[PDB]
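**Q** Structure of the sequence below:
(chains A and B, ligands or ions: 6)
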Amino acid sequence: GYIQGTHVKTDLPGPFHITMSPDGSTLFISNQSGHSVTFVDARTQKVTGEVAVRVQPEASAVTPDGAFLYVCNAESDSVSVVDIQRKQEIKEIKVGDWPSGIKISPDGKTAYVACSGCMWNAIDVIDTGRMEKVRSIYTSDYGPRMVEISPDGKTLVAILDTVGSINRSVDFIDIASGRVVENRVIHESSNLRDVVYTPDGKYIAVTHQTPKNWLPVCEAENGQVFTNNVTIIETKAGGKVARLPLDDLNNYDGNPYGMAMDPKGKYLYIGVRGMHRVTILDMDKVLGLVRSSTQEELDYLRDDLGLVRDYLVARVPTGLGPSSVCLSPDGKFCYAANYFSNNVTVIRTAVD
Amino acid sequence: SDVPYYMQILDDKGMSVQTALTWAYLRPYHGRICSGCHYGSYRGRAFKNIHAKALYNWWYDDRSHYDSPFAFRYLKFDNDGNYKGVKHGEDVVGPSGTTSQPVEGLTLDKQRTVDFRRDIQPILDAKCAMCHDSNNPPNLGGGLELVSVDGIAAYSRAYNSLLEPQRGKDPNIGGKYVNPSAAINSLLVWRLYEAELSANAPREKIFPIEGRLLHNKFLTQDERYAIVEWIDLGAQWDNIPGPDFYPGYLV
Ligand code: HEC
Ligand code: HEC
Ligand SMILES: [Ca+2]
Ligand SMILES: [Ca+2]
Ligand SMILES: [Cl-]
Ligand SMILES: [Mg+2]
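**A** Numbering: from 1, shown residues only, chains lettered A, B, ... in the order given. Ligands and ions are numbered 1, 2, ... in the order given. Please find the structure below.
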């Protein structure tokens, strides 16, 4: 396999992503440098097979029944359909540039694919019966990184990570309508790597960074150049956009990427790729902070470098480059995919 | 007498403007004078010459030890909620004729206090908790069920909410909604009376310009002033000394 963006060959799989079957018996790891997907049994923690897909898979989504795995092949500009029981790819559907993420509708009748190409704005829809790409939903700006579907399945959020932009936004889509209802801007943001929904569907979490671009590059202290943040957006009309710090004064979480939401909405799990660790936060303290604060107070609290300690549950040691995380349906275990270490860290959560 | 006590001067709404924080005690039959309220007559200053109306309410009868009135149990307010006067309680009393005034408040058994579980919390459940849940701070719901905080379950949700600290404010002064031993400085009381009561503002944004709801008519005078008394007393939870039947810490 090839290292991404290069013609240099490597024997290492380089896991870029991870997910789990809705019955929680199987983990599917997308190997970016392996051009395949690794199957792992949850109970035995054993590799049960490796299924070949197209070039550079960065993402995968499982059907509600768990008979199929839709893998995003980024370099191939395509999406592979994998038979989970047969351990074989049965089709390749062609999509827009660089799918970086994919998710299946609650009814399992539709798959949504975010095309992350820098000049590309698209979310391609795919019927599961036809196993084919129906149409494309054009976003408000370029580079959707990932999508997410609400628990009621009538709405689709898409993080737009837009190159050359200080203000990067999130699009709200009406699934039945298939068009953009609203666009909400996260001010002073860059590198949006994920978006998740709360189980009640009243909030979304988005991991990103806050650059200070208008300032001289002088020191590294007090986040003069970059700070690392998680933003909670209230899904109601006119809802708050709350940018919250992930960093201590002398301790920062470099490049937050993947997110896993507790099934009951108790905790938030964040893969920290630069600092090689999983940051676990208390979501009732976070949401409690959001509900009890105005927009002004939250905007002031974004730069509070002692604030995290209020809602911070833990920071757990991981392998190198934990780009993605996922949870078991009972929420008692969190898995983190490590690219450089070529492995998966298994974490016992606070849930008992 | 022979018991620790202190005093609070009150305005026409019945709230403490200034609290004397210390422990004073009277020996039997003794009586004690002071020029003013921490004026310095008992510290660094000479007594100011003052001809006071109270001097003639003290002892005017030769067949009595003292003709001064005993501390009244309750208050009377007008329709506006302003101070009408003082009101006798049930504790009224061998006994001999050695004083002119009715004998009130000498029974330690019957001495009244305000307990959050017995008094305030039911008022909160009845008139408040309906519109105040997790989604509308402060959170007054949940009843008397104890809330575990840092591995310790002591008080309920409403108490934890109301006693919550505020950023940039000395907790010795007060929290978000409550200033202990000043009700007049408490945002909660500010809202319950829908007015600016004191010269110390609890915070910068007090009354919302959008979606505001008038809270002054939600409670009767007795309930509201029960809250006032509770806060002026120091806003305790368990005001009944020793273990009792009311909800609280148990292991
Ligand atoms: C529904 C009719 C309500 C009842 C019953 C109670 N409250 Fe309320 N409260 C309600 C709303 C819609 C709001 C929004 C802000 C506003 O000023 O209208 C509030 C707010 C408060 C506040 C202020 C909170 C803050 O500014 O941080 C307090 C202190 C408060 N409410 C207390 C309170 C009490 C003591 C109640 C029982 C008498 C009560 N509320 C009932 C709606 C409703
Ligand atoms: C208004 C309330 C009063 C009145 C009616 C009296 N005092 Fe005094 N007192 C008062 C304050 C604000 C304080 C200080 C509180 C604090 O520091 O937090 C005090 C203090 C005392 C003390 C302690 C020693 C001192 O601070 O000087 C004593 C003793 C004391 N007060 C006695 C006292 C006497 C004899 C009074 C005459 C009835 C009296 N107090 C009334 C305020 C107030
Ligand atoms: Ca491409
Ligand atoms: Ca007690
Ligand atoms: Cl004095
Ligand atoms: Mg330096």
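
**Q** just so I have it, where are all the strands in the stretch 151-300 of chain A?
**A** A:155-160, A:168-174, A:179-186, A:190-197, A:203-211, A:226-234, A:241-245, A:256-261, A:267-272, A:277-282 (DSSP state E, counting those that start in this stretch).

**Q** Out of those, which is closest to ligand 3?
**A** Proximity of these to ligand 3 was assessed by Cβ to the ion; the nearest stretch is strand A:155-160, lying at 17.4 Å. All C-beta spots, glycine's among them, are computed from the backbone N, C-alpha and C.

**Q** got the angle for the closest one vs strand A:203-211?
**A** 10 degrees (axes from the mean of the first three to the mean of the last three Cα atoms, to 10 degrees).

**Q** and residue 136, how many neighbours?
**A** Unless you meant another one, I'm taking chain A. Neighbours of residue A:136 under the rule other Cβ atoms under 10 Å in any protein chain shown: 16.

**Q** was after chain B, sorry
**A** Counted with other Cβ under 10 Å, residue B:136 comes out at 12.

**Q** related to what we said a few turns ago, format the strands of the stretch 151-300 of chain A as JSON lines; extra columns: mean neighbour count and distance to ligand 3.
**A** Converted to JSON lines, the strands of the stretch 151-300 of chain A look like this (neighbours: other Cβ atoms under 10 Å in any protein chain shown; distance: least, Cβ to the ion, whole Å):
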{"stretch": "strand A:155-160", "mean neighbour count": "24", "distance to ligand 3": "17"}
{"stretch": "strand A:168-174", "mean neighbour count": "21", "distance to ligand 3": "21"}
{"stretch": "strand A:179-186", "mean neighbour count": "15", "distance to ligand 3": "23"}
{"stretch": "strand A:190-197", "mean neighbour count": "21", "distance to ligand 3": "19"}
{"stretch": "strand A:203-211", "mean neighbour count": "24", "distance to ligand 3": "23"}
{"stretch": "strand A:226-234", "mean neighbour count": "22", "distance to ligand 3": "28"}
{"stretch": "strand A:241-245", "mean neighbour count": "21", "distance to ligand 3": "31"}
{"stretch": "strand A:256-261", "mean neighbour count": "24", "distance to ligand 3": "21"}
{"stretch": "strand A:267-272", "mean neighbour count": "27", "distance to ligand 3": "25"}
{"stretch": "strand A:277-282", "mean neighbour count": "22", "distance to ligand 3": "31"}
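
**Q** ok, and the closest non-adjacent residue to the closest residue to ligand 4 within chain A?
**A** For chain A, the residue closest to ligand 4 is residue A:288, as judged by Cβ to the ion, at 29.4 Å. Among residues not flanking residue A:288 along the chain, residue B:134 sits closest, at 7.5 Å (Cβ to Cβ, 6 or more residues apart in numbering or on different chains).

**Q** who are the neighbours in contact with residue A:65?
**A** A:22, A:108 (Cβ atoms under 8 Å, 6 or more residues apart in numbering or on different chains).

**Q** Would you check how far apart it and residue A:104 are?
**A** From residue A:65 over to residue A:104 the distance is 10 Å, taken as Cβ to Cβ, to the nearest Å.

**Q** hmm, the biggest helix by length in chain B touching ligand 2?
**A** Longest helix in chain B by number of residues, with DSSP state H as the criterion: helix B:221-232. No. Judged by Cβ under 6 Å from any ligand atom, helix B:221-232 stays clear of ligand 2, getting no closer than 11.9 Å.
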